[PDB]
Amino acid sequence: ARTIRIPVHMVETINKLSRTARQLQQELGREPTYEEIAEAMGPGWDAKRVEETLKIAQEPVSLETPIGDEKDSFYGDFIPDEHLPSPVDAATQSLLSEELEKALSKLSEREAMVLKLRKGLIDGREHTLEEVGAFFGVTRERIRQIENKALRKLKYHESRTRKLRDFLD
Amino acid sequence: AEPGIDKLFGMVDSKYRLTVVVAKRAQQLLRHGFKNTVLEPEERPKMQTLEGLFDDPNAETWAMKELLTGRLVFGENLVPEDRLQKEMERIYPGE
Amino acid sequence: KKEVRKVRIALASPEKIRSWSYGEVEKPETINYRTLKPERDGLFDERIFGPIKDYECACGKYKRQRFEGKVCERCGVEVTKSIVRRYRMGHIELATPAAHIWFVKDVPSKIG
Amino acid sequence: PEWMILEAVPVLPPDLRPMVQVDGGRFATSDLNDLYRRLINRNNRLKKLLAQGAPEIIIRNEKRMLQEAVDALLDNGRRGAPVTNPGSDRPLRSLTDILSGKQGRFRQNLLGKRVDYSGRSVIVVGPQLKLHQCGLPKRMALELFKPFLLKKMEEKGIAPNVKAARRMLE
Amino acid sequence: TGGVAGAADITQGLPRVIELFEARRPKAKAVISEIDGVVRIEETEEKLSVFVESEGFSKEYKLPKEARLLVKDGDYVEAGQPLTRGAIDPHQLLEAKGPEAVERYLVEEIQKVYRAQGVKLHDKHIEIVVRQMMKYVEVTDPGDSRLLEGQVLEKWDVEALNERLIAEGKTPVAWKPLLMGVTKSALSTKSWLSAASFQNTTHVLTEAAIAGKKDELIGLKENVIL
Amino acid sequence: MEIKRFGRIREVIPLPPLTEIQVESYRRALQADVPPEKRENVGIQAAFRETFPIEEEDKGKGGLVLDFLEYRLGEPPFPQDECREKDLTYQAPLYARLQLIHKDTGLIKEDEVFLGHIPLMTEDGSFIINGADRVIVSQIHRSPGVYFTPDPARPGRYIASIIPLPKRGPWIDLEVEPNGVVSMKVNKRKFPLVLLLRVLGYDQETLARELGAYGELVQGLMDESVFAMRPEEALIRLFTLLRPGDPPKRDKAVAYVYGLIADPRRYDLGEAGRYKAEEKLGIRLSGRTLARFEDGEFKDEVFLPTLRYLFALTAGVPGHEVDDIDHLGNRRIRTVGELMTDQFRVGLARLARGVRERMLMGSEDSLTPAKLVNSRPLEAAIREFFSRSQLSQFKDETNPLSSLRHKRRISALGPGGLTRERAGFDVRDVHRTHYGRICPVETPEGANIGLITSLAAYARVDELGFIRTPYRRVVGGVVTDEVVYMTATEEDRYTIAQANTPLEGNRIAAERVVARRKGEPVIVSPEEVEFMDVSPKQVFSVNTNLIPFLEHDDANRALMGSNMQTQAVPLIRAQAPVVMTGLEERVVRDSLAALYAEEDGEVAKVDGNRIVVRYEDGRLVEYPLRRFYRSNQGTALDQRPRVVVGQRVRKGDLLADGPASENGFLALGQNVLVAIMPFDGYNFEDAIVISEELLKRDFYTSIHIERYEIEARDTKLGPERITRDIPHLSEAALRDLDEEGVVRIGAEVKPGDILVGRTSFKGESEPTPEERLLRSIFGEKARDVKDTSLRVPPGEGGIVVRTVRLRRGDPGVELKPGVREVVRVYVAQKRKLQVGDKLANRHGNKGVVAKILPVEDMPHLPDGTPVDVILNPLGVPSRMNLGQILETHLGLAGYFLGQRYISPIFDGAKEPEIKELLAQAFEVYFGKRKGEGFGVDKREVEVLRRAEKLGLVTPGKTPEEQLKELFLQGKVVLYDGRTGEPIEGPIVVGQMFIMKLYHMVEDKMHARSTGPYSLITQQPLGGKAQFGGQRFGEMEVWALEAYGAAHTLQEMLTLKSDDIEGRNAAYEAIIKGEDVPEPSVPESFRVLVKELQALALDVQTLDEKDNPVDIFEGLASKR
Amino acid sequence: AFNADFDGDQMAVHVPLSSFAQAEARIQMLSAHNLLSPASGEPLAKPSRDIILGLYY
Amino acid sequence: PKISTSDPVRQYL
Ligand SMILES: Nc1nc2c(ncn2[C@@H]2O[C@H](COP(=O)(O)OP(=O)(O)O)[C@@H](OP(=O)(O)OP(=O)(O)O)[C@H]2O)c(=O)[nH]1
Ligand SMILES: [Mg+2]
Ligand SMILES: [Mg+2]
Ligand SMILES: [Mg+2]
Ligand SMILES: [Zn+2]
């Protein structure tokens, strides 16, 4: 009986609330607060809590709800996208790339590939690259300086011909 | 109005061909710089900004100026498919 | 690269239906008040319809873009452009068939 | 003539029926998404009941309830529509309602799309104007022509690059 | 100004134009002769009937007490001609003088309305529209399709000559002509990708999917929706 | 100054208190002043005394017997304007004593239980709901009573409809069947009538054809006399139409209902219907329906005459009326009170329902006080009204007048049939009974015409709810002041005469007297008259009554006037007009535009802020001068004092002007020297030109307060902040900010500048596969916060006046769920006149400022005085609004005469007196041109020639007095400010009064290059900094098809809307300087297929040779 | 043609993008090539108001 | 053909 599946005791928590709310609606005359409910619900209940068990409790809204005009506009009509890149973004998030193969293209395939294993292939490599000998190379107190052979190489060609400065904001 | 609008109408059998001609013509005319321009140094379009006459970036406006000299030729068939997609690249640098 | 000139519309053979689909939705579940992730074999299961976020999977074992199309061992979630969620068809299998209503109530009752 | 009868029900891709979060930890979704759940519990509950090999009477009632269900999804209203239990008595916008824009959507359709290089303003007469021109706010133009403008800014010394050229303007 | 009191009043303005485009038996339906002939008017003090008679036949139209007489005892009434004042029903005049007569009637009583409000618009435009109004035929002599079937007149380029001629051999097709208003003349398109739009889709698609109807995108609409 | 008052039609009474409809209804809809314990019913008391005593007690084990005791309300939680700031609905707490009675007799007193508290009306007319100001538009409907109607479903005879007004009540229609019997519509469930007539306690042989004496074809009656015997079985033999069946043992189940039991009536204790049913049918009441106390069946005084008058109507000509639903005797207004009263009736229809519930669910001994009586079903019921009711809306307050017109509104929409059924030409038509009851000339333009409507100046709503206009009774041609407020119906009983009958004191001095006789105008003799029109005014709304020379103004274009004064927006040099109608002062007072003195006294203090006054009784009361306050519509409401220190003063004298009052005088616009004439196209079609000089005088300047908000929400990605530290590239662009988020009160803001800085978590933890490589180089803190700072929307902001920083709402401000804090900012801007600004006059002239010339160019008078505004004249024959010329003339006088006038609505200045006023004005102007030593110009010679030829002036008369003629016509002689030569022919200059129409943000200047996009459909969408695109509707689509604009159309249909892929493809090309590419499929189509797809129909797109083509390139294809 | 006066009628403006669209727009939508009317044949950009009032006099 | 539709409840019972 809900568009979002919920644990069976989580239903009973709200089904205790639903029972508890009616008493405090008449016992106080007014609508009780988040502080008012915990001190009545059970020993281990918080003020901040209820707010979450109430956000959780809701319907929720139907994209097919009509909006004021009643005739044409539905609720969903006014909900924007932000997952997809926009014409401005997408183009930026491809001019940044087509400049990277025009930035570290004249770099070593380890001054670039280390950062293309650390960052150019998606996995943190915080404590994953120093252990594995990385196929053919040298490890230990030198990889924590190989990103000084690699990451700090990108600083100058960026500060001189200021290509990458503006791509921040 | 626009230059010799009437005369440029007469060049074609129908309204729309001249629109197809002009646009397509302009496409090439502002694909390969303006390197293909069958229109001489002195009969090129110009602006007035910064106090300096510099050639008009308006491709669409060039092709019209061009066709108006009859230097182009147009038809339903003139060349094959990708067989033109190489000829104009070599005669006029396709970079 | 062949251009389009006609638009056919015909009936759907379940085989054809089952052709388009990408996996039986078996569960009445949607999303999770906790993880906000879709449910396994549920209406939003990334397994069936496609990854939520671009170039990734559900569990998170295969990343980046080079491997443009590589089903995962732990989840199976194809690592290809998330947009594929707004197209990719799913289906429900039926313990008994039930007549499609247009061909039943629209008169002349096309089956009647 | 059997393909008219359904045994494999296809299911609309999820994105065009989304489950987005809006304000105050509350969500919004489609009726389609709630029309499917009610279907499944019934097909799923049938598999139990049939597996169990229960009496026919009840094996029936569930199929009645399954026809009623697939009906209300394909075309909800051709037998007295179901609604979102409490809330209100609004019928659920079914794939049928959706296509033919049943509820003021086909009237919304012809109100057209929206266009990405457009603008609007009040009109003041322009006598000095010649027949083939108009008085336009430069203010307006620089939105409208933005991307065309950013290039000329790059072509000229006005910007180093487009992001800076766009930045120059926000 | 100074008219209506309890009698038959003709339609005027936009109603009339919709009345002429979708037509539609009009308000004051005028009587018209089924046939050529000459006039004889017999009458009781209350009863009235007009007789149109060409040698063999005798046609009798019993016009109501209210009716106004547009024709003189012993005149020639070319078939289709109105015997009362008012308004012709096009279907009636279709059945009696065929296509071109209905058409130049249609076009006109239409243009009549506009020009009387001083709108000068070129006959051809109304023509074009009435033409489609007349687009469809309804098979009488079958050839390989069931009896009635209303459908587009010009699919008869090759498929009317195919009886001895082009695809060679078999039965020749005959067809009744059809007057249908702009509305109804639209729901009957080749294009299901159009016909979907117009008044209720449900039924259009049922029938389109059964037949496996291909939509040649020919009209501007189909190409736009796509 | 001198204000010469005009006209003589001596008004025996000024217009009533104007917001009457709104204030007085609510006063009696609550009753909380003189009322002691038991006092009256009409209002809320009724909603109590109806649902009480609620009873659900059986003589078996227990039950419910709950009776009404008392009600009360008091302490409004928060003071008036505090509700506005804290977004709280200004209201009061409503208590009620109840007490429960026991089956073994016991009285434990449930005292004051305020489980439900109600809103309060402001002093001026409106309400405060969730901060905002609102109005409750009173509404028109078909009255309660019995009416007789002809049948459009059978071109012939009549139908008899009994109509009450309960909130679930029954309709009783009495028609004769197509099969020659008697239909009786109780619901839609029709049945042969006769049946019930027996149950009324009346048989078929006591009064049958006796009172059916004209029943000569009474064959709806004939069928079953072998049925009419006993009412015990006749009451059973009716229950037939009831599903799905019931045993008739307790047969008096629906029978008991339609007697007295409160729900079949139109009013309690008879009345309302009985009021009309005094002369409609019989005479009196049975109780309130067909009421019977304690007898066999049920007494009837209602059903019996209902037939027997349909009889009398179907008889020759006795009684014999056929009803008019357009008639105001049959149409009532449901006021704020009633509309809300029958909303408290619907609340106690659920509170009582909850009480019965706790009898099985609840005990019978455990719940003694009230463990079942709940506020929640009353609490939501009223707020679904005041907040959500159609009939409630935003308060118009563009200016004081607009704020007063809104309380005086009438709609047919809401609960009564609306638009979808239309009933056009009917209803929407101005009815013969509207004289002095509704303005025939006030209504919205377009769709909602004749539906929404405004109450005539003198109009009044009586204790029942019928609109009354006042008439003074006249006897024997001697007119008395004894003035009566007749109804619609009372009116039809007399021969009333028009307001402008020539009089001689008391006495009529007229042969033929021009009079209405129940609508029809007839020239009559004095002896026949009985009542006379009070004022020409009483025929029109107030907005209408403010237009001088109305009589010369065609109604269409004067409607526009009535309307546009709503869009007057207080100038900061608000002027009252040069020619006035009379209602100027009286509006400003009744509106509460200005601040008046409530007793006689001496002024203590005066500053911009407040005034303290010492009244003759000893009271030193302080009046704040409500200062720079924000209206609903932005327009600044606030007072400005017109009194100095220790200035002795009378009661009702002016202390502070309105925002649009110039000494108690309604000050909506500005008076200006207008030349009317064409000017070089610059006023081509209603366009208007403007002397720069108007701007230097700050003439059409206007101060506008704009309110912004920003939220601090809790998030699933972690709380977002209102920090001054936005992460970007600037610090020199944070100056005016500093204030720990907020922008400093006082700063200039242009578009793009930041009102409130904000940082939000966005991206889903990780840095972009590209930006992870990026930010490292700079120093990858790469803070997980974003620039969601509240920015200045494009197209002007202004300078800051006030910010409001509300965190956690701990002072008593109701928070928003999952929202930490909210910042407000307020931006003010003086808005001068400008090319685009629109301009209007009360005679319906509306045009846009198409050119602001410098004064070096303007046409000037001989004394060098140039003109302010140039109004093309072609916008006038076709309109037929001559009042604008009768205004421009009188102006030309009062200008030099140094005066202003009061013409009244149909009385007022006449053509003689005005030329005569121009005669004295010709002295001031010209009769002192020679005493300065100057004769006539060499160009006046040149004109006068051409003038006398035009046949304007006398040939022969002197070049001096030729001009005087010419000036009495209104035209003077202008010199083209450019050349210095004259305008051939004279031009009528003169003063005219003009108002700057108000700015809506819908009709703000808009422009999109590109921005956001709807999630679902993926069509372009609006932000706040971003304006969406234009709807490209079907109609515009055809536009280009027609044009053979092929590509263009398609790119409006893809590239610039739904083509997800191609729009990106496009952008890039344009940036690079490449030519735009061709486009993919639009989500329009893709999503289309998928919907069909979903419905089990295979939709293939075949190529040339019928081979599927991939519209979803890759993606959707399997394997 | 537009049927617009200046008591505040608003217009909307679009930009045609593709070098073809502008081609179309100039050769077949430019307000100085569409002089006559599709309905009548008669010219539809004519002296109108002030323009006549001037010329007549 | 409309006498009753919402039988599912009644029908079963
Ligand atoms: N073709 C066409 N005409 C329209 C349209 N809308 C209005 N008109 C014509 O313009 C004239 C006046 O229009 P309005 O603008 O209403 O007049 P108004 O200034 O007095 O309000 C009318 O005829 P008129 O007075 O005879 O015109 P004219 O002689 O003033 O030009 C009317 O028929 C339209 O969409 N198309
Ligand atoms: Mg702005
Ligand atoms: Mg006009
Ligand atoms: Mg207008
Ligand atoms: Zn995985």
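Analysis parameters
Residues numbered from 1 in each chain as written, not as in the entry; some residues may be left out. Chains lettered and ligands numbered in written order. Part of a larger assembly, values for the part shown. Heavy atoms only, no water. UniProt positions renumbered as here; feature names shortened; annotations may be inferred. Helix = DSSP H or I, 4+ residues; strand = E, 2+ residues; numbered from the N terminus. Buried < 20%, exposed > 50% of the residue type's maximum accessible area, 1.4 Å probe, protein only. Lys, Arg positive; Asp, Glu negative; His and termini not counted. Salt bridge = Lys/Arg side-chain N within 4 Å of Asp/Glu carboxyl O. Contact = heavy atoms within 4.5 Å. Donors = N, O, S within 2.8 Å, 3.2 Å for Na, K, Ca; no water. Pairing = 2+ DSSP bridges. Buried area = accessible area lost by both parts, 1.4 Å probe. Polar contact = N/O pair within 3.5 Å; in protein donor to acceptor, adjacent residues only side chain to side chain. Nonpolar A, V, L, I, M, F, W, Y, C, P; charged D, E, K, R; others polar. Core = buried A, V, L, I, M, F, W, Y, C linked by side-chain atoms within 4.5 Å. Near = heavy atom within 4 Å. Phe/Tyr/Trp six-rings, centres within 6.5 Å; stacked < 30°, edge-to-face > 60°. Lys NZ or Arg CZ within 6 Å of the ring centre and 35° of its normal. Domains from an automatic or database assignment.

Method-wise, the PDB entry is recorded as coming from X-ray crystallography, at a reported resolution of 2.71 Å.

The PDB entry lists chain F under the name DNA-directed RNA polymerase subunit beta, from Thermus thermophilus. The title attached to this entry in the PDB is "Re-refinement of Thermus thermopiles DNA-directed RNA polymerase structure". Check the Function section of the UniProt entry for chain F; it says "DNA-dependent RNA polymerase catalyzes the transcription of DNA into RNA using the four ribonucleoside triphosphates as substrates." As stated in UniProt under Sequence similarities, the record for chain F gives "Belongs to the RNA polymerase beta chain family."

The PDB entry lists chain D under the name DNA-directed RNA polymerase subunit beta', with Thermus thermophilus as the source organism.

Asks: How should the side chain of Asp106 of chain C be read in this particular structure?
Replies: Along the chain, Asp106 of chain C falls in the segment after α3 (102–105). Buried charge without a partner: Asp106 of chain C forms no salt bridge, and the closest opposite charge is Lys110 of chain C, 4.3 Å away. Not counting residues up to four positions away in its chain, the partners in contact with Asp106 of chain C are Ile101 of chain C, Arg78 of chain D together with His203 and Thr206 of chain E.

Asks: Quick question: what am I supposed to make of the coordination of the magnesium ion (ligand 4) here?
Replies: The reference angle at a metal is 109.5 degrees if four donors form a tetrahedron and 90 or 180 degrees if six donors form an octahedron. Protein coordination at the magnesium ion (ligand 4) comes from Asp7 of chain G (OD) and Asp9 of chain G (OD), with a distance range of 2.3 to 2.6 Å. Given a relative accessible area of 27%, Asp9 of chain G falls into the partly exposed group.

Asks: What should I look at first to understand the pairing of strand β54 (residues 991–996) of chain F in this one?
Replies: Along any regular strand the residues' side chains alternate between the sheet's two faces. Residue and element names in this part refer to chain F. The buried fraction of β54 is high, at 6 of 6 residues. Residues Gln991, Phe993 and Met995 of β54 are buried on one face, and the alternating residues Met992, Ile994 and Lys996, pointing to the opposite face, are buried as well. Relative to β54, strand β38 (residues 670–676) runs antiparallel, the two being bridged by 4 bridges. The partner of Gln670 across the bridge, within β54, is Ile994. Both strand β48 (residues 838–841) and β54 contribute to a ladder of 2 bridges, which runs antiparallel. Bridge pairing in β54 links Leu839 to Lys996.

Asks: What is the right way to read the arrangement of the chains from this model?
Replies: The highest contact count of any of the 17 pairs of chains in contact belongs to chains D and F. Contact between chain C and chain G is absent, and the least distance between their C-alpha atoms amounts to 20 Å. A minimum C-alpha distance of 19 Å separates chain A and chain H, which share no contact.

Asks: Help me out: how do you make sense of the interface of chain D and chain F in this one?
Replies: Bring the parts together and some accessible area is lost; that lost area is often taken as the interface size. Chain D puts 46 residues into the contact, and the matching count from chain F is 54 residues. For the pair chain D and chain F, the summed buried surface comes to about 4700 Å²; carbon and sulfur atoms form 63% of the total. On the chain D side of the interface with chain F, the three residues burying the most area are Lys113, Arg114 and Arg120 of chain D, jointly 19% of the side's total. Across the pair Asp116 of chain D and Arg1008 of chain F runs a salt bridge whose closest N-O atoms are separated by 3.4 Å. At the boundary of chain D and chain F, one finds 16 residue pairs in polar contact. Counting only elements with at least two residues in the side of chain D that touches chain F, the list comes to β1 (5–11), β2 (19–21), α3 (95–99), β4 (113–114), β5 (118–122), α5 (138–144), α6 (146–155) and α7 (162–167) of chain D. Its residues assigned to classes, the side of chain D that touches chain F comprises 27 nonpolar, 8 polar and 11 charged.

Asks: Would you explain the nonpolar core in this entry?
Replies: Within soluble globular proteins, side chains that are nonpolar tend to cluster in buried spots. In terms of nonpolar packing, the biggest core is built from 67 residues, with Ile9 and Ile92 of chain C together with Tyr36 and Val70 of chain D touching the most fellow members. Residues in contact with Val70 of chain D, not counting those within four places in the same chain, are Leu94 and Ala98 of chain C together with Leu6, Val9 and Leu39 of chain D. Membership of the second largest hydrophobic core comes to 46 residues, among which are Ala29, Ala92, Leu98 and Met121 of chain F.

Asks: When you look at the site of ligand 1 in this model, what are you seeing that I'm missing?
Replies: Around ligand 1 sit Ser878 and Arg879 of chain F together with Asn3 and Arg49 of chain G, and that is every residue in its neighbourhood. Chains contributing residues near ligand 1 are chains F and G. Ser878 of chain F is positioned such that a nitrogen or oxygen atom in its side chain is 2.9 Å from an oxygen atom of ligand 1. At a separation of 3.0 Å, an oxygen atom of ligand 1 approaches a polar side-chain atom of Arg49 of chain G.

Asks: What's the story with the pattern of salt bridges in this structure? I'm lost.
Replies: Close approach of charged atoms lets side chains of opposite charge pair. The tally for this structure, following the rule as stated, stands at 133 salt bridges over all chains. The partner of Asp1106 of chain F in a salt bridge is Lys214 of chain E, and the shortest N-O contact between them spans 2.5 Å. You can see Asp1106 of chain F sitting in the segment after β57 (1097–1103) and its partner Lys214 of chain E sitting in strand β7 (residues 214–216), one on each of two chains. Looking at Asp1106 of chain F, the relative accessible area reads 30%, which means it is partly exposed. According to the relative accessible area criterion, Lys214 of chain E is partly exposed, its value standing at 36%. Across the pair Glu528 of chain F and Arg517 of chain F runs a salt bridge whose closest N-O atoms are separated by 2.9 Å. Of the two residues, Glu528 of chain F sits in the loop between β27 (520–524) and β28 (531–533) while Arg517 of chain F sits in strand β26 (residues 513–517), which places them 11 residues apart along the sequence. Judged by relative accessible area, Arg517 of chain F falls into the partly exposed class, the value being 32%.

Asks: How do you make sense of the packing of aromatic side chains when you look at a structure like this?
Replies: For any pair of aromatic rings, the description rests on two quantities: the centre-to-centre distance and the angle between the ring planes. According to the stated counting rule, one finds 26 aromatic pairs over all chains in the structure shown. The interplanar angle of 40° and the centroid separation of 6.4 Å between the aromatic rings of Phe6 of chain F and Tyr901 of chain F together place this pair among those described as tilted. Taken together, the residues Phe6 of chain F in the loop between β1 (2–5) and α1 (20–30) and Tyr901 of chain F in strand β51 (residues 899–902) connect sequence positions 895 residues apart. By relative accessible area, which is 0% here, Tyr901 of chain F ends up buried. Joined through ring pairs, the aromatic side chains of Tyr895, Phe896, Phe922, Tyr925, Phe926 and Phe967 of chain F make up one cluster. We note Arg49 of chain A situated over the ring of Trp45 of chain A; from NZ or CZ to the ring centre the distance is 3.4 Å. The ring centre of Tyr629 of chain F lies 4.0 Å from the NZ or CZ of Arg626 of chain F, which sits over that ring.

Asks: Would you take a moment to explain the domain arrangement of chain F for this structure?
Replies: Residues and elements named next belong to chain F. Taken domain by domain, chain F holds domain 1 (1–6 + 668–700 + 833–997), domain 2 (16–143 + 324–469 + 535–593), domain 3 (144–323), domain 4 (470–534), domain 5 (594–658) and domain 6 (701–832). Distance from the C-alpha centre of domain 1 to the C-alpha centre of domain 2: 48 Å. Buried surface at the junction of domain 1 and domain 2, summed over both partners, amounts to about 3700 Å²; 62% is from carbon and sulfur atoms. Summed over the three residues of domain 1 that lose the most area to domain 2, namely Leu668, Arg842 and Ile905, the buried surface amounts to 24% of that side. Summed over the shared surface of domain 1 and domain 2, the number is 0 salt bridges. Scanning the region where domain 1 abuts domain 2 turns up 16 residue pairs in polar contact. Residue contributions to the side of domain 1 that touches domain 2 peak at 6 residues, all from helix α17 (residues 883–896). Among the residues forming the side of domain 1 that touches domain 2, the class breakdown is 17 nonpolar, 13 polar and 9 charged.

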